[PDB]
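Undergrad: Below is the file input.pdb, with PDB, C-alpha atoms.
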ATOM      1  CA  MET U   1      75.262  94.629  71.714  1.00  0.00           C
ATOM      2  CA  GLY U   2      78.790  94.733  73.183  1.00  0.00           C
ATOM      3  CA  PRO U   3      80.330  96.799  75.988  1.00  0.00           C
ATOM      4  CA  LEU U   4      83.957  95.938  75.207  1.00  0.00           C
ATOM      5  CA  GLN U   5      86.046  93.319  73.375  1.00  0.00           C
ATOM      6  CA  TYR U   6      84.519  91.017  76.010  1.00  0.00           C
ATOM      7  CA  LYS U   7      87.126  88.223  76.104  1.00  0.00           C
ATOM      8  CA  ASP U   8      90.106  86.848  78.065  1.00  0.00           C
ATOM      9  CA  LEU U   9      91.809  89.325  80.432  1.00  0.00           C
ATOM     10  CA  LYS U  10      94.605  91.495  78.983  1.00  0.00           C
ATOM     11  CA  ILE U  11      95.896  93.691  81.831  1.00  0.00           C
ATOM     12  CA  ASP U  12      98.144  93.010  84.812  1.00  0.00           C
ATOM     13  CA  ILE U  13      98.898  95.725  87.407  1.00  0.00           C
ATOM     14  CA  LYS U  14      95.921  98.050  88.030  1.00  0.00           C
ATOM     15  CA  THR U  15      92.554  96.653  89.190  1.00  0.00           C
ATOM     16  CA  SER U  16      92.664  93.319  91.091  1.00  0.00           C
ATOM     17  CA  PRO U  17      90.691  91.802  93.035  1.00  0.00           C
ATOM     18  CA  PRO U  18      91.807  88.224  92.492  1.00  0.00           C
ATOM     19  CA  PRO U  19      93.923  88.355  95.684  1.00  0.00           C
ATOM     20  CA  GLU U  20      90.684  88.064  97.728  1.00  0.00           C
ATOM     21  CA  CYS U  21      92.299  89.458 100.909  1.00  0.00           C
ATOM     22  CA  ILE U  22      89.498  92.050 101.339  1.00  0.00           C
ATOM     23  CA  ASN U  23      86.507  89.954 100.369  1.00  0.00           C
ATOM     24  CA  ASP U  24      87.897  86.833 102.060  1.00  0.00           C
ATOM     25  CA  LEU U  25      88.239  89.320 104.867  1.00  0.00           C
ATOM     26  CA  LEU U  26      85.175  91.409 104.705  1.00  0.00           C
ATOM     27  CA  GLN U  27      83.125  88.392 103.722  1.00  0.00           C
ATOM     28  CA  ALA U  28      83.097  87.841 107.498  1.00  0.00           C
ATOM     29  CA  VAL U  29      82.845  91.322 109.111  1.00  0.00           C
ATOM     30  CA  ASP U  30      80.021  92.668 106.970  1.00  0.00           C
ATOM     31  CA  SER U  31      81.445  95.957 105.863  1.00  0.00           C
ATOM     32  CA  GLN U  32      80.795  97.051 102.267  1.00  0.00           C
ATOM     33  CA  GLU U  33      82.738 100.184 103.226  1.00  0.00           C
ATOM     34  CA  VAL U  34      85.797  97.942 103.121  1.00  0.00           C
ATOM     35  CA  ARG U  35      84.853  96.366  99.777  1.00  0.00           C
ATOM     36  CA  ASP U  36      83.319  99.597  98.488  1.00  0.00           C
ATOM     37  CA  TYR U  37      86.737 100.793  99.503  1.00  0.00           C
ATOM     38  CA  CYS U  38      88.562  97.856  97.940  1.00  0.00           C
ATOM     39  CA  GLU U  39      86.786  98.504  94.639  1.00  0.00           C
ATOM     40  CA  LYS U  40      87.462 102.167  95.373  1.00  0.00           C
ATOM     41  CA  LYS U  41      91.078 101.281  95.742  1.00  0.00           C
ATOM     42  CA  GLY U  42      91.121  99.185  92.653  1.00  0.00           C
ATOM     43  CA  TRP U  43      90.608  95.446  93.193  1.00  0.00           C
ATOM     44  CA  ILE U  44      86.950  95.395  92.770  1.00  0.00           C
ATOM     45  CA  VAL U  45      86.603  92.372  95.018  1.00  0.00           C
ATOM     46  CA  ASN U  46      83.073  91.265  94.039  1.00  0.00           C
ATOM     47  CA  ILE U  47      82.841  89.569  90.610  1.00  0.00           C
ATOM     48  CA  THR U  48      84.680  89.049  87.293  1.00  0.00           C
ATOM     49  CA  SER U  49      81.956  89.746  84.699  1.00  0.00           C
ATOM     50  CA  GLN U  50      80.890  93.405  84.369  1.00  0.00           C
ATOM     51  CA  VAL U  51      84.325  95.075  84.138  1.00  0.00           C
ATOM     52  CA  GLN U  52      85.194  98.569  82.848  1.00  0.00           C
ATOM     53  CA  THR U  53      88.717  99.265  81.530  1.00  0.00           C
ATOM     54  CA  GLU U  54      89.951 102.805  80.761  1.00  0.00           C
ATOM     55  CA  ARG U  55      92.560 101.775  78.162  1.00  0.00           C
ATOM     56  CA  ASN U  56      90.560 100.232  75.291  1.00  0.00           C
ATOM     57  CA  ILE U  57      92.533  98.326  72.625  1.00  0.00           C
ATOM     58  CA  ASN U  58      90.233  98.352  69.564  1.00  0.00           C
ATOM     59  CA  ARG U  59      92.285 101.430  68.588  1.00  0.00           C
ATOM     60  CA  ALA U  60      95.162 101.770  71.083  1.00  0.00           C
TER      61      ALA U  60
ATOM     62  CA  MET Y   1     107.111  98.038 127.929  1.00  0.00           C
ATOM     63  CA  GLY Y   2     105.066  96.637 125.020  1.00  0.00           C
ATOM     64  CA  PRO Y   3     101.882  94.568 124.852  1.00  0.00           C
ATOM     65  CA  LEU Y   4     103.607  91.612 126.502  1.00  0.00           C
ATOM     66  CA  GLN Y   5     106.937  89.753 126.473  1.00  0.00           C
ATOM     67  CA  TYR Y   6     107.044  90.127 122.669  1.00  0.00           C
ATOM     68  CA  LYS Y   7     109.897  87.748 121.756  1.00  0.00           C
ATOM     69  CA  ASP Y   8     110.956  85.257 119.053  1.00  0.00           C
ATOM     70  CA  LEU Y   9     110.259  87.090 115.770  1.00  0.00           C
ATOM     71  CA  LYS Y  10     112.153  85.522 112.841  1.00  0.00           C
ATOM     72  CA  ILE Y  11     109.627  83.151 111.234  1.00  0.00           C
ATOM     73  CA  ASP Y  12     106.187  83.643 109.730  1.00  0.00           C
ATOM     74  CA  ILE Y  13     103.735  80.784 110.391  1.00  0.00           C
ATOM     75  CA  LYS Y  14     100.210  80.985 108.931  1.00  0.00           C
ATOM     76  CA  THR Y  15      99.876  84.285 110.837  1.00  0.00           C
ATOM     77  CA  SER Y  16     100.716  87.082 108.354  1.00  0.00           C
ATOM     78  CA  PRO Y  17     100.038  90.161 108.233  1.00  0.00           C
ATOM     79  CA  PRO Y  18     102.894  91.423 106.089  1.00  0.00           C
ATOM     80  CA  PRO Y  19     100.654  91.346 102.980  1.00  0.00           C
ATOM     81  CA  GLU Y  20      98.942  94.525 104.283  1.00  0.00           C
ATOM     82  CA  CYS Y  21      95.819  94.013 102.129  1.00  0.00           C
ATOM     83  CA  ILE Y  22      93.505  94.413 105.166  1.00  0.00           C
ATOM     84  CA  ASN Y  23      95.268  97.235 106.960  1.00  0.00           C
ATOM     85  CA  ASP Y  24      96.189  98.996 103.705  1.00  0.00           C
ATOM     86  CA  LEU Y  25      92.505  98.459 103.142  1.00  0.00           C
ATOM     87  CA  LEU Y  26      90.940  99.153 106.440  1.00  0.00           C
ATOM     88  CA  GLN Y  27      93.401 101.928 107.155  1.00  0.00           C
ATOM     89  CA  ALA Y  28      90.915 103.933 105.075  1.00  0.00           C
ATOM     90  CA  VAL Y  29      87.424 102.575 105.945  1.00  0.00           C
ATOM     91  CA  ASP Y  30      87.794 102.704 109.719  1.00  0.00           C
ATOM     92  CA  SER Y  31      86.662  99.255 110.659  1.00  0.00           C
ATOM     93  CA  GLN Y  32      88.623  97.440 113.374  1.00  0.00           C
ATOM     94  CA  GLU Y  33      86.068  94.668 112.854  1.00  0.00           C
ATOM     95  CA  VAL Y  34      87.947  93.955 109.622  1.00  0.00           C
ATOM     96  CA  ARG Y  35      91.386  94.100 111.279  1.00  0.00           C
ATOM     97  CA  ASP Y  36      90.065  92.577 114.504  1.00  0.00           C
ATOM     98  CA  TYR Y  37      88.908  90.017 112.000  1.00  0.00           C
ATOM     99  CA  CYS Y  38      92.195  89.954 110.102  1.00  0.00           C
ATOM    100  CA  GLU Y  39      94.068  89.290 113.346  1.00  0.00           C
ATOM    101  CA  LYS Y  40      91.207  86.907 114.103  1.00  0.00           C
ATOM    102  CA  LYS Y  41      91.906  85.230 110.829  1.00  0.00           C
ATOM    103  CA  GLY Y  42      95.597  85.167 111.365  1.00  0.00           C
ATOM    104  CA  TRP Y  43      97.563  88.042 109.821  1.00  0.00           C
ATOM    105  CA  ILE Y  44      97.537  90.295 112.737  1.00  0.00           C
ATOM    106  CA  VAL Y  45      97.711  93.381 110.561  1.00  0.00           C
ATOM    107  CA  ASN Y  46      98.671  96.088 113.097  1.00  0.00           C
ATOM    108  CA  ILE Y  47     101.641  98.497 113.229  1.00  0.00           C
ATOM    109  CA  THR Y  48     103.667  98.321 116.470  1.00  0.00           C
ATOM    110  CA  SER Y  49     104.908 101.848 117.284  1.00  0.00           C
ATOM    111  CA  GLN Y  50     103.192 103.128 120.452  1.00  0.00           C
ATOM    112  CA  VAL Y  51      99.657 101.671 120.436  1.00  0.00           C
ATOM    113  CA  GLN Y  52      98.205 100.703 123.839  1.00  0.00           C
ATOM    114  CA  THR Y  53      94.388 100.523 123.677  1.00  0.00           C
ATOM    115  CA  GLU Y  54      94.146  97.013 125.178  1.00  0.00           C
ATOM    116  CA  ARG Y  55      93.452  95.130 121.923  1.00  0.00           C
ATOM    117  CA  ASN Y  56      92.201  91.519 121.810  1.00  0.00           C
ATOM    118  CA  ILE Y  57      88.940  92.685 123.426  1.00  0.00           C
ATOM    119  CA  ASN Y  58      86.463  90.043 124.660  1.00  0.00           C
ATOM    120  CA  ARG Y  59      84.543  89.154 121.475  1.00  0.00           C
ATOM    121  CA  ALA Y  60      83.607  85.699 122.827  1.00  0.00           C
TER     122      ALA Y  60
END
How would this structure read if it were set down as structure tokens?
TA:
Amino acid sequence: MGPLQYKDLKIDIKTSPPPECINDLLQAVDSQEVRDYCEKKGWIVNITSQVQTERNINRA
Amino acid sequence: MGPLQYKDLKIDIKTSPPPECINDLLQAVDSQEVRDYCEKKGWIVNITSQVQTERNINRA
């Protein structure tokens, strides 16, 4: 199977969350509303495996 | 008046919080525990217009 091109990153300004300011933050105040928010914002502070992009490239 | 004798403000030190990732974050999930944490961490994310709710509560 295959969800997407599944390979190196190819974006830039849109969905972080590499600048772990929320998780490094909320990793101490227990508050998924802040991370649920962060990933609501668009960082996704949580993991770097299951990602979903809206601008596919297979066709572009 | 102010919170105290607020003076000397032309450096930066390890205390941010200009990178408003917590406040820009927590400004939407209502969670002073994250900012109380952020300023506990050392950013101090907190606008200074006319707030006077005796911050720095006794969390220890």
Undergrad: Output as lines of an AutoDock Vina configuration file the centre and edge lengths (Å, one decimal) of the box along x, y and z of the file that holds every listed atom of segment 1-20 of chain Y after adding 6 Å on each side.
TA:
center_x = 105.5
center_y = 89.4
center_z = 115.5
size_x = 25.2
size_y = 29.3
size_z = 36.9
Undergrad: Which residues, written as JSON, numbers by chain, have at least one atom at most 12 Å from segment 33-39 of chain Y, with only C-alpha atoms counted and residues fewer than 3 positions away on the same chain left out?
TA: {"U": [21, 22, 23, 24, 25, 26, 27, 28, 29, 30, 31, 32, 33, 34, 35], "Y": [14, 15, 16, 17, 18, 19, 20, 21, 22, 23, 24, 25, 26, 27, 28, 29, 30, 42, 43, 44, 45, 46, 47, 55, 56, 57, 58, 59]}
Undergrad: Chain Y superposed on chain U over all ordered C-alpha pairs, least squares: can you write that as an mmCIF file with C-alpha atoms, keeping the file's coordinate frame?
TA:
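Below you can see result05.cif, which holds the result:
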data_model
loop_
_atom_site.group_PDB
_atom_site.id
_atom_site.type_symbol
_atom_site.label_atom_id
_atom_site.label_comp_id
_atom_site.auth_asym_id
_atom_site.auth_seq_id
_atom_site.Cartn_x
_atom_site.Cartn_y
_atom_site.Cartn_z
ATOM 1 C CA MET Y 1 79.277 90.450 74.477
ATOM 2 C CA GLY Y 2 81.371 91.346 77.546
ATOM 3 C CA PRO Y 3 82.940 94.590 78.753
ATOM 4 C CA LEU Y 4 85.286 94.674 75.765
ATOM 5 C CA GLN Y 5 87.431 92.346 73.639
ATOM 6 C CA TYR Y 6 88.483 90.506 76.821
ATOM 7 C CA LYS Y 7 91.370 88.354 75.531
ATOM 8 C CA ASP Y 8 94.786 86.997 76.590
ATOM 9 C CA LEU Y 9 94.201 85.651 80.122
ATOM 10 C CA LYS Y 10 96.952 83.217 81.185
ATOM 11 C CA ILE Y 11 99.407 85.364 83.173
ATOM 12 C CA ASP Y 12 99.066 87.517 86.269
ATOM 13 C CA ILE Y 13 101.156 90.719 86.221
ATOM 14 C CA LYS Y 14 101.057 93.047 89.250
ATOM 15 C CA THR Y 15 97.276 93.208 88.691
ATOM 16 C CA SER Y 16 95.704 90.617 91.037
ATOM 17 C CA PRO Y 17 92.820 90.261 92.269
ATOM 18 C CA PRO Y 18 92.795 86.532 92.928
ATOM 19 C CA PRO Y 19 93.715 87.128 96.600
ATOM 20 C CA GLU Y 20 90.092 88.243 97.201
ATOM 21 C CA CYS Y 21 90.954 90.132 100.417
ATOM 22 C CA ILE Y 22 89.189 93.307 99.175
ATOM 23 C CA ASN Y 23 86.154 91.764 97.533
ATOM 24 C CA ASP Y 24 85.829 89.067 100.210
ATOM 25 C CA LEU Y 25 86.065 92.129 102.388
ATOM 26 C CA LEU Y 26 84.028 94.691 100.629
ATOM 27 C CA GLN Y 27 81.516 92.099 99.515
ATOM 28 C CA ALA Y 28 80.109 92.753 102.996
ATOM 29 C CA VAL Y 29 80.606 96.504 103.684
ATOM 30 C CA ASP Y 30 79.161 97.779 100.415
ATOM 31 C CA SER Y 31 81.860 100.141 99.322
ATOM 32 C CA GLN Y 32 82.794 100.156 95.629
ATOM 33 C CA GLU Y 33 85.220 102.912 96.631
ATOM 34 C CA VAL Y 34 87.291 100.115 98.172
ATOM 35 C CA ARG Y 35 86.987 97.846 95.113
ATOM 36 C CA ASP Y 36 87.053 100.804 92.723
ATOM 37 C CA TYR Y 37 90.181 101.448 94.714
ATOM 38 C CA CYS Y 38 91.344 97.836 94.613
ATOM 39 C CA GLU Y 39 91.012 97.823 90.824
ATOM 40 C CA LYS Y 40 92.576 101.281 91.024
ATOM 41 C CA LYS Y 41 95.403 99.751 92.945
ATOM 42 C CA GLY Y 42 95.731 96.843 90.632
ATOM 43 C CA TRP Y 43 93.887 93.671 91.657
ATOM 44 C CA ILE Y 44 90.743 94.305 89.841
ATOM 45 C CA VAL Y 45 88.709 92.333 92.343
ATOM 46 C CA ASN Y 46 85.409 91.829 90.462
ATOM 47 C CA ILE Y 47 83.511 88.655 89.479
ATOM 48 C CA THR Y 48 82.750 88.371 85.740
ATOM 49 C CA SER Y 49 79.355 86.649 85.350
ATOM 50 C CA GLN Y 50 76.805 89.116 83.926
ATOM 51 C CA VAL Y 51 77.711 92.551 85.341
ATOM 52 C CA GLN Y 52 77.183 95.539 83.013
ATOM 53 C CA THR Y 53 76.928 98.785 85.018
ATOM 54 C CA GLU Y 54 79.591 100.646 82.999
ATOM 55 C CA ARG Y 55 82.425 100.376 85.552
ATOM 56 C CA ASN Y 56 85.641 102.433 85.346
ATOM 57 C CA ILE Y 57 83.567 105.585 85.950
ATOM 58 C CA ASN Y 58 85.244 108.994 85.498
ATOM 59 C CA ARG Y 59 86.981 109.517 88.864
ATOM 60 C CA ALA Y 60 89.560 111.891 87.331
#
Undergrad: Would you mind telling me which residue in Y:40, Y:12, Y:52, Y:5 lies nearest to chain U when using all atoms listed in the file?
TA: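 Checking each candidate against chain U, we get Y:40 as the closest.
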Undergrad: Quick one, how far is atom CA of residue 8 of chain Y from atom CA of residue 49 of chain Y?
TA: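 About the pair atom CA of residue 8 of chain Y and atom CA of residue 49 of chain Y: they are 17.7 Å apart.
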Undergrad: May I ask which of the residues U:41, U:53, U:2, U:11 is the closest one to chain Y, counting only C-alpha atoms?
TA: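 Among the listed residues, the smallest separation from chain Y belongs to U:41.
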Undergrad: Can you measure atom CA of residue 6 of chain Y to atom CA of residue 54 of chain Y for me? One decimal in Å is fine.
TA: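 Straight-line distance from atom CA of residue 6 of chain Y to atom CA of residue 54 of chain Y works out to 14.8 Å.
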Undergrad: Could you tell me how far atom CA of residue 4 of chain Y lies from atom CA of residue 60 of chain Y, in Å and to one decimal?
TA: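 Straight-line distance from atom CA of residue 4 of chain Y to atom CA of residue 60 of chain Y works out to 21.2 Å.
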